[PDB]
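Results of the structural survey
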Amino acid sequence: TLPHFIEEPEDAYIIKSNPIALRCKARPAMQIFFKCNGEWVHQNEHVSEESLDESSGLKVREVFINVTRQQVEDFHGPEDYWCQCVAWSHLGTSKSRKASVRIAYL
Amino acid sequence: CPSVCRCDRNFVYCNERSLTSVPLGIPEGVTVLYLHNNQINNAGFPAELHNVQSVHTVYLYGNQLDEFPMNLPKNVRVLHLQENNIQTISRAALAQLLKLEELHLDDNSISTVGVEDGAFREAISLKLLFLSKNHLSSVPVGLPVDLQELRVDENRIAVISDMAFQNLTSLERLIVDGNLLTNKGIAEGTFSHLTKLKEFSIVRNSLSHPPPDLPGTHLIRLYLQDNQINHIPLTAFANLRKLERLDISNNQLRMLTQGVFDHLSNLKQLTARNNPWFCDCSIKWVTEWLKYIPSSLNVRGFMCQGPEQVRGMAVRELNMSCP
């Protein structure tokens, strides 16, 4: 079957410059990559977790990427900085929702 | 002409009308068909649309399509299918468009499994194929012979087969940049048979060294930017005599082997910016090469990053510390 997301990336806010993290979890998944602003995020920036599901023999994959205050202020696009999670299965692909990341001042 | 869709000067304007399907009332003698910025689904294409032979340019960008459209006009040359959600590429759909010359499948969810074995090969007239920003894991094997430009940039490609570029002798431009591609991932002698290739780009990838066995029969531009290139072999730049522009910037290069640009006689520009060049007796030849090189060659980015005694200075302006 196609991958179903257990956890999709949530809309995040950067307050007091601390870099945020975007979470993604899909099953069945052999490979998971993040795409930010229509461009693929480098493999080295991904922190992956591959675990065998206690329920079925299907492989569960969890991936995290960090987004800094610098990355958001350096990006000059018509819309807010966004990241999408793409999961890979033995037979196909599945794309998660577009998660927005905006800077917020107190 | 349709009820909701307007037509002017033999051009059909169905764009920005929120159409669920492609309209039935398409005239026999129309030049360009506009169906972009709508909510057209994959099962919204009538068989009568394929019967129209006058149309050669069709715009279908920003739709709700999931597969490659069927029953498209028979003699269409240029086809735009960007900004939609295409995942599956069928062999039967590309067999219909026998006169297809230009194809744009940008900003889609196209994967390796989605592309049927030899689907693109069916489009016999295909000269330009733009597979930019897709979820493709590798370069498809079944490609057209008459292809001149293959732009498969910003994908999830890690492997390239030796049979992937079979019979493609007419290809001029190959852009495989912004991928998860490695030197072990690419097969031995995969690019060797690309005789008419003039440009090659592999920026933002994970290559430890430049691709081995590259043809220099017509190669002019070679882009090896933003890679993990640590070393460059002595035979890598050899047999590429017609090369004019070269870029080795933003890599993990410490030094260059003596006699690497020796075969590059028609060279015009070289860029090696953002590289950790260790300035010792290893770069002695680079200093001497830059001193005797003619003004025709535009060399930039040769600066010392180490040691602290030499740091900041340009390689060309140096003097040696050692014999």
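As recorded in the PDB entry, chain B goes by FIBRONECTIN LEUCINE RICH TRANSMEMBRANE PROTEIN 2 and comes from Mus musculus. Per the PDB header, the entry is named "mouse FLRT2 LRR domain in complex with rat Unc5D Ig1 domain".

Okay, the overall build of chain B next. The number of helices and strands found in chain B is two helices and 16 strands. Structurally, chain B occupies a C-alpha span of about 85 × 35 × 35 Å along its principal axes. The proportion of buried residues among the 323 residues of chain B is 51%. In the structure as shown, chain B presents an accessible area of about 15000 Å², 44% of it carried by carbon and sulfur atoms. Taken as two groups, the 29 positive and 32 negative side-chain charges of chain B have centres that lie 7 Å from each other.

On to the pairing of strand 8 (residues 82–88) of chain A, then. Residue and element names in this part refer to chain A. Most of strand 8 sits inside the fold, with seven of its seven residues counted as buried. Every second residue of strand 8 is oriented toward a common face, with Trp82, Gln84, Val86 and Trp88 on one face and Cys83, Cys85 and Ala87 on the other, all of them buried. Bridge analysis of strand 4 (residues 31–36) against strand 8 gives six bridges, and the strand direction is antiparallel. Bridged to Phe33 within strand 8 is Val86. Where strand 8 meets strand 10 (residues 99–103), two bridges bridge the pair, whose relative direction is antiparallel. Within strand 10, the position partnered with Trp82 by the bridge is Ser100. As defined by bridge partners, strand 8 adjoins strand 9 (residues 93–95) across three bridges and the pair is classed as antiparallel. Within strand 9, the residue paired with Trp88 across the bridge is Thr93. Linkage of strand 8 to strand 9, two consecutive antiparallel strands, is achieved through a turn of four residues.

For the rest of this paragraph, the subject is the interface of chain A and chain B. Taken together, the 15 residues of chain A in the interface contact 17 residues of chain B. Carbon and sulfur atoms supply 51% of the area buried between chain A and chain B, which totals about 1200 Å² over both sides. Among the residues of chain A in contact with chain B, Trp40, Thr93 and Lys95 of chain A are the three that bury the most area, contributing 42% of the side total. Joining chain A to chain B, the criterion identifies six residue pairs in polar contact. Mapped by element, the contributors of at least two residues to the side of chain A that touches chain B are strand 4, strand 5 (39–40), strand 8 and strand 9 of chain A. Element by element, the count of residues in the side of chain A that touches chain B is highest for strand 4 of chain A, at three residues.

Before going further, it helps to examine the nonpolar core. All names here are of chain B. Core analysis: the largest hydrophobic core is formed by 94 residues, its most contacted members being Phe68, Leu79, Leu103 and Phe237. Breaking this core down by element, the ones donating at least two residues are helix 1 (91–96) and helix 2 (284–292). With four residues, helix 2 is the single largest residue contributor to this core. Sequence-distant contacts of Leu79, defined by excluding residues within four places in its chain, comprise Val58, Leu60, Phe68, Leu72, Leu97, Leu100, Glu102, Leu103 and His104.

Once that is clear, we can look at unusual backbone geometry. Here the amide bond leading from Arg27 of chain A into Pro28 of chain A is cis, since omega sits at 0 degrees, within 30 degrees of zero. Looking at the secondary structure, you find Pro28 of chain A in the loop between strand 3 (20–27) and strand 4. For the bond from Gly306 of chain B to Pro307 of chain B, the omega torsion is 0 degrees, close enough to zero to count as cis. Tracing the backbone shows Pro307 of chain B in the segment after strand 16 (304–306). In this model, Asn10 of chain B sits at a positive phi of 65 degrees, which is unusual for a non-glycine residue. By secondary structure assignment, the location of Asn10 of chain B is in the loop between strand 1 (6–8) and strand 2 (11–13).

Rules and cut-offs
Residues numbered from 1 in each chain as written, not as in the entry; some residues may be left out. Chains lettered and ligands numbered in written order. Heavy atoms only, no water. Helix = DSSP H or I, 4+ residues; strand = E, 2+ residues; numbered from the N terminus. Buried < 20%, exposed > 50% of the residue type's maximum accessible area, 1.4 Å probe, protein only. Areas by Shrake-Rupley, 256 points an atom, 1.4 Å probe, with all protein chains shown as cover. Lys, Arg positive; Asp, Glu negative; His and termini not counted. Charge placed at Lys NZ, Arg CZ, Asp CG, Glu CD. Pairing = 2+ DSSP bridges. Contact = heavy atoms within 4.5 Å. Buried area = accessible area lost by both parts, 1.4 Å probe. Polar contact = N/O pair within 3.5 Å; in protein donor to acceptor, adjacent residues only side chain to side chain. Core = buried A, V, L, I, M, F, W, Y, C linked by side-chain atoms within 4.5 Å.

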